[PDB]
Amino acid sequence: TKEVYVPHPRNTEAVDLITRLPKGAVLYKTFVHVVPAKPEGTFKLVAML
Amino acid sequence: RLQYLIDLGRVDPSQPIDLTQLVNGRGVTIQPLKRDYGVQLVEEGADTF
Amino acid sequence: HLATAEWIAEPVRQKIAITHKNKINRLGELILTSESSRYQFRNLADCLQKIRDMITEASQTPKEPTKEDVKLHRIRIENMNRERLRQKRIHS
Amino acid sequence: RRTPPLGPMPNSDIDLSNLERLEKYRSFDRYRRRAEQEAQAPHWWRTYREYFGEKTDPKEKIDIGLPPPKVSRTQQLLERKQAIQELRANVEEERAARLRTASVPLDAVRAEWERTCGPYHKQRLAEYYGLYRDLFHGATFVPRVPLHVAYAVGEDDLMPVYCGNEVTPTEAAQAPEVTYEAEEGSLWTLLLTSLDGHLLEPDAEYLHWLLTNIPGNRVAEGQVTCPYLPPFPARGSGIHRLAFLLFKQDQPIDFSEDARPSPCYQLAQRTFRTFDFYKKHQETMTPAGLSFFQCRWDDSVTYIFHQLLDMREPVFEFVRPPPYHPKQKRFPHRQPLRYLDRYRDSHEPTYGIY
Amino acid sequence: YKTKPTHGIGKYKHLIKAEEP
Amino acid sequence: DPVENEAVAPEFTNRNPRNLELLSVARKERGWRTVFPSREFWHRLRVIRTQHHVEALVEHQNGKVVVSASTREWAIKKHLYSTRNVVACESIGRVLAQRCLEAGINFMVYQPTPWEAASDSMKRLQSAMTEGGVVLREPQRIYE
Amino acid sequence: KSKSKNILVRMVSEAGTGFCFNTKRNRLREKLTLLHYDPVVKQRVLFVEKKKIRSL
Amino acid sequence: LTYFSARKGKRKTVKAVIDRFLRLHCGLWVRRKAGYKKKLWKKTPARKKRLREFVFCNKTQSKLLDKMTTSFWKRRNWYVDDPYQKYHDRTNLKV
RNA sequence: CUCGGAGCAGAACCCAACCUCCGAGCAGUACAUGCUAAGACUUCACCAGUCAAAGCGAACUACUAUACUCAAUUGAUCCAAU
Ligand SMILES: [K+]
Ligand SMILES: [Mg+2]
Ligand SMILES: [Mg+2]
């Protein structure tokens with residue numbers, strides 16, 4: 001997907017870039033995702049005490 | 001293997017069993033020239049012995 | 001049946017019921033299961049060793065402060081906040 | 001080969017001829033604020049929200065609650081501005097704020113918040129917990145009648161029920177003390193349902209409590225349509241939701257079909273669905289108040305199963321999917337010796353025919 | 001990607017004045 | 001002679017959205033290491049400061065606001081000389097901490113900037129939350 | 001292949017376990033005394049340089 | 001390789017192989033990584049752990065190592081307290 | 001004559017000339033650059049090389065923190081020293 005790119009404030013290089021941009025301008029970058037297919041687990045009946 | 005040999009009459013449990021009786025019953029094949037020092041009794045099959 | 005078992009001591013009987021309440025069924029029988037081996041012998045030996053460990057722990061009465069588990073740490077914080085919400089009756 | 005954009009591209013309205021004369025952000029905070037705004041807008045390209053955002057229905061949620069109260073904004077605004085002037089005029093207030101020693105009375109803030117923004121904050125919080133999705137199949141209402149449920153613990157303490165705070169089954173052993181503000185001659189219906197307690201059916205609930213035709217706010221005088229049953233969350237099953245739903249009856253209603261035998265200790269009889277119950281009584285009934293808490297298993301639940309319900313206690317366990325390994329190959333080149341353990345069922349030596 | 005309509009969505013150096021030592 | 005009450009499904013269905021979160025077994029959204037802020041949380045405290053007001057939000061990672069406290073509310077505004085100073089920020093923390101406990105939220109992450117974290121306003125708001133019972137760090141997810 | 005500015009030295013644990021690790025230090029600087037994790041005792045212990053392995 | 005010895009007319013074993021490789025009875029060969037004792041001061045911990053691994057050989061290498069050793073080295077052995085005893089037989093291997 | 005970056009080779013990967021250009025054979029900071037372990041990459045083989053969740057042990061009370069910065073910054077087997 002294409003997402004808005006906000007760098008870390010500790011990132012000196014990237015922060016200097018955005019502060020010099022004209023107002024109303026937003027940087028974009030391509031991001032890669034992984035949509036989880038399976039759940040973390042399932043509750044199963046283990047005993048009848 | 002020990003139980004199987006006894007059930008078929010190939011090893012006689014009414015007398016003391018040793019290396020000779022196991023060899024004469026074709027239960028185990030010992031190769032002293034290949035650095036075999038005898039037989040090790042292993043626990044496989046303990047539940048049904 | 002834990003309560004009926006006379007070979008265990010009475011104080012030990014009463015302390016095992018509290019510590020291992022999760023292993024006692026409706027009828028009061030303490031159920032122990034081991035499925036870590038292929039051989040019934042070793043599985044039984046493990047079950048018997050657990051019984052011997054239960055009696056040893058109850059009789060020892062250890063007062064040493066054990067290290068808190070991670071799951072327990074969160075429940076401690078959650079219990080604190082639940083007690084913090086407790087109110088008192090305006091007119092008791 | 002090129003393809004024209006399907007819509008307006010980012011950074012398009014920026015005039016690049018007057019770049020030097022255009023205003024810059026100059027601050028990280030001003031860019032972030034604009035960045036957060038752009039991320040929320042709909043886009044014609046693929047976005048994270050498309051794949052991970054919950055798929056809300058386009059049609060708005062049907063409101064089934066009481067009508068909003070009518071307030072005179074002009075008079076309300078006048079009184080509010082006057083109060084601020086009086087507070088700001090006090091010299092002792094200014095010094096306390098300047099010296100950072102001032103504080104607000106939390107007790108008064110909650111009383112005012114409960115009258116003003118309380119209902120909407122409770123609705124927002126009820127929607128987050130999934131009550132409207134489960135209880136009314138997505139239909140939402142504003143709990144405009146504050147409901148105060150408290151479980152008496154001991155003789156001098158109370159355990160208040162708010163909106164998701166945890167209450168243990170031991171504390172909820174007996175019926176709670178329910179009080180709400182109601183006019184004379186009105187009728188109300190109060191119920192308690194466990195959204196997650198049901199053992200056999202996933203979509204069904206358990207009706208722990210039902211009181212009908214309550215005169216005014218005298219809950220004790222209501223008809224016990226269903227007797228009270230303490231929560232019994234099963235061990236290892238997680239944290240359940242129990243919701244108190246207050247209803248405002250337009251006229252006296254007959255709940256003979258919903259009547260449960262006293263005592264009711266059959267889980268089949270307790271099985272209950274709020275949507276079906278409200279749907280049949282919707283014409284003469286409106287949701288007014290809402291409270292709920294979160295309940296997990298404790299040692300007292302064993303008492304409920306063994307004695308009250310006369311059944312064996314069901315225990316559950318969170319089971320994770322088995323670990324994945326690629327298909328075993330005859331020659332696992334450059335793999336460590338522990339490769340073979342990954343595909344081994346038992347850890348004990350095997351001897352085959354011998 | 002070049003052929004796709006979103007080509008150039010990540011461009012940013014035309015929005016900044018060039019830096020010359 | 002089976003007991004009707006003992007009819008239990010082999011798999012338990014718990015529709016509580018917070019169930020797995022409270023067991024610390026739910027997935028947190030890991031990744032996003034090159035951007036700010038992180039997504040690896042279930043709940044986060046987010047403070048919005050404007051020219052006239054101070055607002056603090058507790059929102060789930062999915063973007064839903066759970067609880068909120070703002071100086072725009074009359075319940076809070078009526079007791080504040082100024083809604084834009086350090087006292088206002090400390091008061092918002094105290095009000096939010098109480099509302100968090102009533103909603104069942106005991107843990108959240110706070111993601112300040114370097115200048116925000118060093119500010120006296122945010123330090124007083126954080127102290128108010130911790131004194132109120134809320135812990136500003138979340139427990140580690142259990143994977144095993 | 002260049003001027004030898006650093007040297008490799010063996011740091012020996014002071015716990016008496018005998019666990020050693022190799023570190024790089026400047027030739028002109030003084031002998032290193034470092035606090036380094038000792039696996040034998042399973043906690044951080046003081047190490048002291050004993051010998052110079054080679055010139056780097 | 002000596003296919004027919006002058007004294008016995010029998011195939012010989014290349015002893016260089018015996019000194020470097022372990023043969024599991026299932027047919028797999030185990031070796032060490034080249035350079036796992038070389039210039040450790042300039043290698044990272046992740047790399048050094050990889051170098052300490054006991055790894056398997058591929059099909060082509062295994063076939064070559066089988067040709068370079070006689071049948072004696074492919075027999076089933078029952079050494080007492082053998083560390084590699086468990087790895088001699090494969091389990092749940094389809095093809 | 002080995003290694004890395006760029007063009008040729010414009011967009012997954014790969015691609016030659018006694019083709020066109022620029023570099024490397026370190027340095028600096030750590031002293032948990034501790035241990036261990038799923039799943040993967042791979043310079044077209046092999047050798048070598050690369051990235052890593054969880055876990056143990058630490059660290060921690062927000063220094064873009066737990067596989068340091070850096071592009072290459074390098075040498076197999078035997079043998080020798082210990
Ligand atoms: K359920
Ligand atoms: Mg390859
Ligand atoms: Mg890790």
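Residues numbered from 1 in each chain as written, not as in the entry; some residues may be left out. Chains lettered and ligands numbered in written order. Part of a larger assembly, values for the part shown. Heavy atoms only, no water.

The deposited coordinates, according to the entry record, derive from cryo-EM at 2.85 Å resolution.

A.B. asks: I keep staring at the overall build of chain H and nothing clicks. Help me out?
C.D. replies: When helices and strands are counted, chain H shows 3 helices and 3 strands. Helices (α) and strands (β) of chain H occur, in sequence order from the N terminus, as α-β-β-α-β-α. Radius of gyration (C-alpha) of chain H: 17 Å, far over the 12 Å computed for a compact globule of 95 residues. For chain H, the C-alpha atoms occupy an extent of roughly 50 × 35 × 30 Å along the three principal directions. Classification of the 95 residues of chain H by burial places 25% in the buried group. Relative to all contacts within chain H whose residues are 6 or more apart in sequence, the contacts with residues 24 or more apart total 53%. Carbon and sulfur atoms provide 55% of the accessible area of chain H, an area that totals close to 7000 Å². Separation of charge centres in chain H, based on 30 positive and 6 negative side chains, amounts to 10 Å. (Helix = DSSP H or I, 4+ residues; strand = E, 2+ residues; numbered from the N terminus. Rg over C-alpha atoms; globule rule 2.2 N^0.38 Å. Buried < 20%, exposed > 50% of the residue type's maximum accessible area, 1.4 Å probe, protein only. Contact = heavy atoms within 4.5 Å. Areas by Shrake-Rupley, 256 points an atom, 1.4 Å probe, with all protein chains shown as cover. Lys, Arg positive; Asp, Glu negative; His and termini not counted. Charge placed at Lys NZ, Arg CZ, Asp CG, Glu CD.)

A.B. asks: I tried to follow the protein's contact with RNA strand I on my own but got confused; where do I start?
C.D. replies: By nearness alone, 51 residues border RNA strand I, and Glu-144 of chain F, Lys-5 and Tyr-37 of chain G together with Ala-34 and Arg-47 of chain H come closest of all. At a separation of 3.0 Å, a base nitrogen of RNA strand I approaches a polar backbone atom of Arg-1 of chain D. In the model, a phosphate oxygen of RNA strand I is placed 2.7 Å from a nitrogen or oxygen of the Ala-34 of chain H main chain. Going through the elements one at a time, β2 (20-26) and β3 (33-38) of chain G together with α2 (45-51) of chain H are the ones with two or more residues in the surface near RNA strand I. Examining the composition of the surface near RNA strand I, we find that 6 residues originate from one element, α2 of chain H, more than from any other. (Near = heavy atom within 4 Å. Polar contact = N/O pair within 3.5 Å; in protein donor to acceptor, adjacent residues only side chain to side chain.)

A.B. asks: Before we go on, may I ask you to explain the sheet that holds strand β4 (residues 43-55) of chain G in this structure?
C.D. replies: In a beta sheet, neighbouring strands pair by backbone hydrogen bonds and run either parallel or antiparallel. Residues and elements named next belong to chain G. In spatial order, the strands read β2-β1-β4-β3; together these 4 strands make up an open sheet with antiparallel pairing. Edge positions in the open sheet fall to β2 and β3, since each of these has one partner strand only. Here the average twist between neighbouring strands, direction ignored, is 45°. Both β3 and β4 contribute to a ladder of 6 bridges, which runs antiparallel. Of the residues in β4, the one forming a bridge with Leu-35 is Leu-46. (Pairing = 2+ DSSP bridges. Axes fitted to C-alpha atoms, helices over the stretch in contact; angles between N-to-C directions.)

A.B. asks: Is there a simple way to explain empty space enclosed by the protein in this structure?
C.D. replies: The rolling of a water-molecule-sized probe over the atoms marks out the regions of remaining empty space. For the structure shown, the criterion picks out 3 cavities of 30 Å³ or more. Estimates place the volume of the largest cavity at around 130 Å³. Contributing to the lining of the largest cavity are 13 residues, with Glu-78 of chain C, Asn-165 and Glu-166 of chain D together with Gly-104 and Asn-106 of chain F lying nearest its centre. Counting residues per element, the ones that place at least two in the lining of the largest cavity are α3 (70-84) of chain C together with β3 (163-166) of chain D. For the lining of the largest cavity, the residue count by class is 3 nonpolar, 6 polar and 4 charged. There is about 50 Å³ of room inside the second largest cavity. Considering the residues around the second largest cavity, the lining is formed by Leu-106, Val-109, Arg-110 and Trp-113 of chain D together with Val-95, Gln-98, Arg-99 and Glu-102 of chain F. For the lining of the second largest cavity, the secondary-structure elements that each account for two or more residues are α5 (106-115) of chain D together with α3 (86-103) of chain F. (1 Å grid on protein atoms, 1.4 Å probe; cavity = no way out; pocket = protein on both sides within 12 Å on 5 of 7 lines; lining within 4 Å. Points joined across faces, edges and corners; volume = space filled by probe spheres on them. Nonpolar A, V, L, I, M, F, W, Y, C, P; charged D, E, K, R; others polar.)

A.B. asks: Even after reading the chapter, I still don't get the interface of chain A and chain D, so can you show me in this structure?
C.D. replies: Bring the parts together and some accessible area is lost; that lost area is often taken as the interface size. Taken together, the contacts link 35 residues of chain A with 39 residues of chain D. Carbon and sulfur atoms make up 68% of the area that chain A and chain D hide from each other, which totals about 3300 Å². At the boundary of chain A and chain D, one finds 1 salt bridge. Its salt-bridge partner being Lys-23 of chain A, residue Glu-23 of chain D comes within 3.7 Å of it at the nearest N-O pair. Along the contact surface separating chain A from chain D lie 15 residue pairs in polar contact. Elements with a contribution of two residues or more to the side of chain A that touches chain D: β1 (2-4), α1 (12-19) and β3 (42-48) of chain A. With 7 residues, β3 of chain A is the single largest residue contributor to the side of chain A that touches chain D. (Buried area = accessible area lost by both parts, 1.4 Å probe. Salt bridge = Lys/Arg side-chain N within 4 Å of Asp/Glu carboxyl O.)

A.B. asks: Which parts of the structure should I look at to understand the pattern of salt bridges?
C.D. replies: Two side chains that carry opposite charge are able to pair once their charged atoms sit near each other. Going through the model one piece at a time under the given rule, you end up with 57 salt bridges over all chains. Between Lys-44 of chain A and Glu-11 of chain F there is a salt bridge whose closest N-O contact spans 3.9 Å. Taken as a pair, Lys-44 of chain A in strand β3 and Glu-11 of chain F in strand β1 (residues 11-12) lie in two separate chains rather than in one. You can call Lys-44 of chain A partly exposed: its relative accessible area is 32%. Taking the shortest distance from any N to any O, the salt bridge between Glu-221 of chain D and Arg-218 of chain D comes out at 2.7 Å. One network of salt bridges, in which partners are shared, links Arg-74 and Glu-78 of chain C, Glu-166 and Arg-296 of chain D together with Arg-18 and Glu-21 of chain F.

A.B. asks: Would you mind going over the interface of chain D and chain F with me for this structure?
C.D. replies: Each partner contributes residues to the interface: chain D has 68 residues there, and chain F has 62 residues. Buried surface at the junction of chain D and chain F, summed over both partners, amounts to about 5800 Å²; 56% is from carbon and sulfur atoms. Run the count over chain D and chain F and you get 6 salt bridges. Close ionic contact of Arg-110 of chain D with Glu-102 of chain F constitutes a salt bridge, the shortest N to O distance being 2.8 Å. Our enumeration of links across chain D and chain F arrives at 31 residue pairs in polar contact.

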